[PDB]
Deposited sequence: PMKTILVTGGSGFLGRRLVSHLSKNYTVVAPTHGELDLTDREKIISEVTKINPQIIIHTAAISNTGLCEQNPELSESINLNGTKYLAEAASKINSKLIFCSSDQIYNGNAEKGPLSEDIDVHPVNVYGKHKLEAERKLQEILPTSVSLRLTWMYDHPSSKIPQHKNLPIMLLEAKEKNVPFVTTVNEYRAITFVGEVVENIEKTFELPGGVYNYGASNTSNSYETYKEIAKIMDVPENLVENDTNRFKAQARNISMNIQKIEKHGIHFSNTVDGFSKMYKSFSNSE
């Protein structure tokens, strides 16, 4: 049985991955205390002692550079969780491809892009997955942060409108479609891959459409057109590179009903 190291096993995506990979794998999910990525040599030792054949990096500079080098001495396969936020500085239209030049405008986008770029340097075999904003079922038994469906529920519950805009093109993904597709990335050649649902409509129309399935009034979803006024934020991904390998994600609205009616 192949052994897999998952960083941040207590986070949203980490616990789901460990609890899913625990079926047919030996999953080692160290804590922040048990594996602290600010210590170069401790990272080397644990990764050297654990000997994971695959490393899933989900936590959020130094931690990545040190963990990447540790994977590099043992010829390990590292899956880094990147973000669609790398595209937030792009002025183009439509689903973006992985070979387009990106210039993130905020801290989050620049740090994910720079962590992935240092990853390609150290260990070209490592795979970068550009993730979206994710969620589980509002009424899921597994803990989750305050994400999309949950915020639309509290717009109806608190009667406070949810503020979005038509100047953002964003896709949201169900965590399971990411959790149930994660094994396929292990065999993918090293590179950067868009990894999530697709979206052809803007966030106002997208969240308006999801508002009917959850039966919240449409008016509790607001279109603030002053946001992204200067340049619209288009982080809609083109996941066709990932589909040539057999990995498929349903689109934002379809993927939502699929899990919601279950």
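Unmodelled intervals of the deposited chain, in order
Gaps vs deposited seq, in order: 1, 62-79, 282-286.
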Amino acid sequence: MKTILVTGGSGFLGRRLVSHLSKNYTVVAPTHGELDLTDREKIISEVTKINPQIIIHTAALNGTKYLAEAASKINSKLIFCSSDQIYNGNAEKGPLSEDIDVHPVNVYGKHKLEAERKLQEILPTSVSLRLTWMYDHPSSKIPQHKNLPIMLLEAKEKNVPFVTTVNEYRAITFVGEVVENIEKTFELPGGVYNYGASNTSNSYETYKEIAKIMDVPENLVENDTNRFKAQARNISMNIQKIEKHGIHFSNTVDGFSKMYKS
From here on, numbers count along this sequence of modelled residues.
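Of the two stretches 67-75 and 176-184, which shows the higher Cα B-factor on average in the entry?
On average, C-alpha B-factors are higher across 67-75.
If you average the CA temperature factors over each stretch, which comes out higher, 20-28 or 250-258?
The deposited B-factors put 20-28 ahead on the C-alpha mean.
Between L129, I122, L148, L113, which carries the biggest CA temperature factor in the record?
Spelled out: the listed residue with the top C-alpha B-factor is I122.
Between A232, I44, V221, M237, which one tops the list for C-alpha B-factor in the PDB entry?
Largest recorded C-alpha B-factor: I44.
Comparing against every modelled residue in the chain, figure out the third that the C-alpha B-factor of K158 lands in (lowest, middle or highest).
Within its chain, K158 is a highest-third residue by C-alpha B-factor, going by the deposited values.
Cα B factor band for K244 (lowest, middle or highest third within the chain)
Highest third.
With respect to C-alpha B-factor, does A197 fall in the lowest, middle or highest third of the chain as deposited?
Lowest third of the chain for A197's C-alpha B-factor.
Ranked against its chain, the third holding the CA B-factor of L96:
Lowest third, going by the recorded CA B-factors of the chain.
Which third of the chain holds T38 when residues are ordered by C-alpha B factor: lowest, middle or highest?
Its C-alpha B-factor belongs to the highest third of this chain's values.
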